[PDB]
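Trainee: Chains as they are written, first to last, in our numbering: chain D, 605 to 1021; chain V, 0 to 49; chain Z, 71 to 170; chain G, 5 to 52; chain E, 937 to 986. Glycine included, each C-beta is placed from N, C-alpha and C at the ideal position.
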Amino acid sequence: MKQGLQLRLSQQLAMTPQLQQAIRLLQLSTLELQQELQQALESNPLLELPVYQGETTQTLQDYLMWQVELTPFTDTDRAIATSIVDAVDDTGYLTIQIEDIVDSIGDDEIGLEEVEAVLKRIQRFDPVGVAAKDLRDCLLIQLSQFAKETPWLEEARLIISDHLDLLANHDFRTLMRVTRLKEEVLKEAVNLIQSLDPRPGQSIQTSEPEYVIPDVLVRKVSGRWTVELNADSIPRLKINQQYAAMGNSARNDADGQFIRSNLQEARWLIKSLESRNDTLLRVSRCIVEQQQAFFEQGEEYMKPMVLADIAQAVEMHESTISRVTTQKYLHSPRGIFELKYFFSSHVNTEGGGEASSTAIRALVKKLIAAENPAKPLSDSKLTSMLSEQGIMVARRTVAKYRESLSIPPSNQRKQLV
Amino acid sequence: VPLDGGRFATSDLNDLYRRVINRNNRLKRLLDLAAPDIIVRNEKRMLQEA
Amino acid sequence: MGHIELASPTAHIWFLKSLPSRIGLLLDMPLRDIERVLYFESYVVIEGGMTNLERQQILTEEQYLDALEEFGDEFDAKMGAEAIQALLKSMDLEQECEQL
Amino acid sequence: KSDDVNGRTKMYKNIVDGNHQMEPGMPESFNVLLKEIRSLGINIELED
Amino acid sequence: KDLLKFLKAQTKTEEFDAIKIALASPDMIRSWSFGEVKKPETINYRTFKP
DNA sequence: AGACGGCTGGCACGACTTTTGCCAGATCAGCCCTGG
DNA sequence: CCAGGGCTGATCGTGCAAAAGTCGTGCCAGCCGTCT
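1) Any Cβ of chain E within less than 7 Å of the Cβ of residue 22 of chain V?
2) State the Cα-Cα distance for the pair residue 769 of chain D and residue 948 of chain D, rounded to the nearest angstrom.
3) Can you find a C-beta in chain G that's less than 7 Å from the C-beta of residue 945 of chain E?
4) Could you tell me which residues DSSP pairs with residue 825 of chain D in its beta bridges?
5) Under 7 Å between C-beta atoms, does residue 10 of chain G make it to chain E?
6) My parser needs the alpha helix (DSSP H) runs of 4 or more residues fully inside the segment 828-916 of chain D; what are they?
7) Let me see if you follow: with CB-CB separation under 7 Å, is residue 71 of chain Z close to chain E or not?
8) Using the Cα positions of residue 941 of chain E and residue 720 of chain D, report the straight-line distance between them to the nearest angstrom.
9) Please list, in chain order, all residues of the same chain as residue 622 of chain D whose beta carbon is under 6 Å from its beta carbon, the five residues on each side excluded.
10) Have a look at residue 762 of chain D and residue 783 of chain D and give me their C-alpha separation to the nearest angstrom.
11) Going by Cα to Cα distance, which pick from Z:136, Z:86, Z:146 and Z:76 is closest to residue 108 of chain Z?
12) Quick check on DSSP: helix, strand or coil for residue 692 of chain D?
13) How far does the beta strand (DSSP E) with residue 941 of chain D in it reach, from first residue to last?
14) Using a C-beta cutoff of 7 Å, does residue 649 of chain D count as contacting chain V?
15) When the cut-off is 7 Å and only beta carbons count, does residue 0 of chain V lie next to chain D?
16) Looking at residue 691 of chain D: is its Cβ nearer than 7 Å to the Cβ of residue 699 of chain D?
17) So does the segment 851-865 of chain D actually touch the segment 619-634 of chain D, counting three or more Cβ pairs closer than 8 Å?
18) In chain order, which beta strand (DSSP E) runs of at least 3 residues are fully inside the segment 97-122 of chain Z?
19) Please report the distance separating the alpha-carbon of residue 888 of chain D from that of residue 995 of chain D.
20) For chain V, is any of its Cβ atoms less than 7 Å away from the one on residue 158 of chain Z?
21) Could you give the DSSP three-state label for residue 956 of chain E: helix, strand or coil?
22) Got a sec, what are the start and stop residues for the beta strand (DSSP E) residue 951 of chain D sits in?
23) Just to confirm my understanding: we take residue 919 of chain D, look at its own chain, exclude 5 residues before and 5 after, and list those with CB closer than 6 Å. What are they?
24) Against chain Z, does residue 40 of chain V count as a neighbour if the rule is that its beta carbon must be under 7 Å from one of theirs?
25) Give me the chain G residues within the contact set of residue 674 of chain D, using Cβ-Cβ distance strictly less than 7 Å, ordered along the chain.
26) How would you list, in chain order, the residues of chain E whose beta-carbon sits under 7 Å from the beta-carbon of residue 17 of chain V?
27) Between residue 45 of chain G and chain Z, is any beta-carbon pair separated by less than 7 Å?
28) Which one of Z:146, Z:118, Z:122 and Z:98 has the shortest CA to CA distance from residue 163 of chain Z?
29) Can you tell me which residues form a DSSP beta bridge with residue 959 of chain D?
30) Can you pull the chain D neighbours of residue 982 of chain E, defined as C-beta to C-beta under 7 Å?
31) What are the start and end residues of each continuous alpha helix (DSSP H) run of 4 or more residues lying completely inside the segment 645-707 of chain D, in chain order?
32) Between the Cα of residue 774 of chain D and those of D:791, D:758, D:759 and D:786, spot the shortest distance and give me the residue it belongs to.
33) I'd like to know if residue 681 of chain D contacts chain V, where contact means its C-beta is closer than 7 Å to some C-beta of that chain.
34) Whole-angstrom Cβ separation of residue 27 of chain V and residue 77 of chain Z, contact assumed at under 8 Å?
35) Shortest alpha-carbon distance to residue 641 of chain D belongs to which of D:788, D:1018, D:817 and D:838?
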């Protein structure tokens, strides 16, 4: 070869300030978009039972104080009490350390023992052992309360005391040799412990809202299901007529010009927002066509795809499709998904075919869940199971996936039958 | 006071406030751009009515 | 509570729209003229003593135009809520009370 | 028996404890009326 | 703060006798409010926060 | 009790996706000025 | 009075490519189950 400064050929590229703004325009959500678009509308002048129910509710923390009021105590005890039950979660254990609470008092007289008292007084209130300060003892408090008469009590009390690590790593072989408990009788002690309500505060608050706005819609009319955009959601600008009919007859150059410039802007912006929409519908549509599959079938039946796959079905560039897919959610019979979502990595199976990781990762989740609970399936054992299916994933892939689904290991999910 | 839960839809108390706020914002943004007298007078009349 | 600047002046509908007219009884101005000047369709005159024009009189758009073309830039006038504010602020109360 | 927030809890405490004593304070509806009147261009306040 | 008088300072009221009424002034309205609103946006549906 | 085998997870290294960053210019048509 | 020349402005333009990011799979270290 040789080094020189010659010239090449054959290409195509063009851009401008205003067009740029028109292009970034479809990369951001309608709700966050409509904001940007309201702002345009201030700048451009030619472009356009009182309390019902209001039922105040309980709230747990609010519940804790109602009994604080009718507990008897001093002003210092009622001050620390407000401090303590101030700092308590929806779950119900306390957020701050107890020595921290002492720093919140800012009093020389106040002592840890004094705090130990007011705390424990309000530690068995409603519901049981709440304001825990790190569960272990919360369990120990609920144990505390009920009668001696129930068997296996001392057993559950021994384990819960200082053998927590033993129970969290589910190493019952070690548990047996350490605690020197009964073989497959301890099981029922552990079952007692199991039914004791960890997270006793949660209970109170339950009233949680409904909240998600689908951008596009897709819905099984006779087969060949068809996409239509969300009418209510879609933003729309409409020309002001008054001001349109006040540019010509205008007597001054200032005014006349003024009105022309704005109309120019405005017509352009309309046309640009109009563009956003069309793209996105054309595109919605083109992604669900290929992914016909998936709606009926499930997460398993998803074909593995890349943007290229969906860009070459349209005439637009890849990046463009990438900008229009971000944060749009499209509602379907099956549920609400982000449009991003469809797109994933492939892996190569037997028979030349490829499989979407998403679908394999859905597959792994069903397979792992639906197994004998005495013998957990390890990752590699699964790799082998999948290979029967044809997937030929490898073991770290599967670990990756198996740990992504927020599911812990096999030796760690082993339990007593 | 959300009716369906998805949209709160504040009515009879925040609609007029919203109206007045956006109209005053548009008027204050247009008064600095050297707008003609007719447009700014119509915007002021609309803000007065709101 | 909160506050809004509202750079543009705005009248209070509780006054001058009840059974007695407060702005009316303060400026000795009829209700129709105030209702027409609070909507940029009356163009009332604020001040000007050199010209042959009254202090509180109605001058229509064509009237204000032919007044400004003849008397020049002397008959200053306002057509918004600021007109009532200027007519009510630059007016002494003790002298008017003594006259009444 | 009214919207007085700082009085209901105190009365409940006095009844559970057996005190039978009332602390009127001030209803919240009067404060709501004051705020709604102040929402317009009319000043209003209470002296001493 | 000693955390023993702050809670008692909340539950406190004055005589409130002889309530009067008069016209409002822009200075009084500015003194009554702490902040100024500028956007008609009430609530967001992405995170449900002010 | 010690060695062997299995398990998991961190980290690395290519093959491969995707996400952000550009910034006019020339060309055509109607109206006004001027020559025929 | 009619045709020729000048000049301004109105109009058209959603991609190519460079770097950051993710992906899958392998390599190696460290813990734990089991037989000798």
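Mentor: Taking the definition as stated:
1) no
2) 39 Å
3) no
4) Its beta-bridge partners do not exist; DSSP assigns none.
5) With 7 Å as the cut-off, residue 10 of chain G counts as an interface residue toward chain E.
6) Correct list: 845-848, 857-894, 896-901 and 911-915.
7) yes
8) 23 Å
9) Taking C-beta separations shorter than 6 Å and ignoring five residues to either side along the sequence, residue 622 of chain D has no partners in its chain.
10) 8 Å
11) Z:86
12) strand
13) 939-942 is the extent of the beta strand (DSSP E) around residue 941 of chain D.
14) Chain V contact via Cβ: present.
15) yes
16) yes
17) Touching, no.
18) none
19) 29 Å
20) no
21) Residue 956 of chain E sits in a strand when the DSSP states are folded into three classes.
22) 950-952
23) none
24) yes
25) 17 and 20
26) 976
27) Residue 45 of chain G belongs to the set of residues whose beta carbon lies under 7 Å from a beta carbon in chain Z.
28) Z:98
29) D:951
30) 635
31) 665-673 and 679-690
32) D:791
33) no
34) 5 Å
35) D:838
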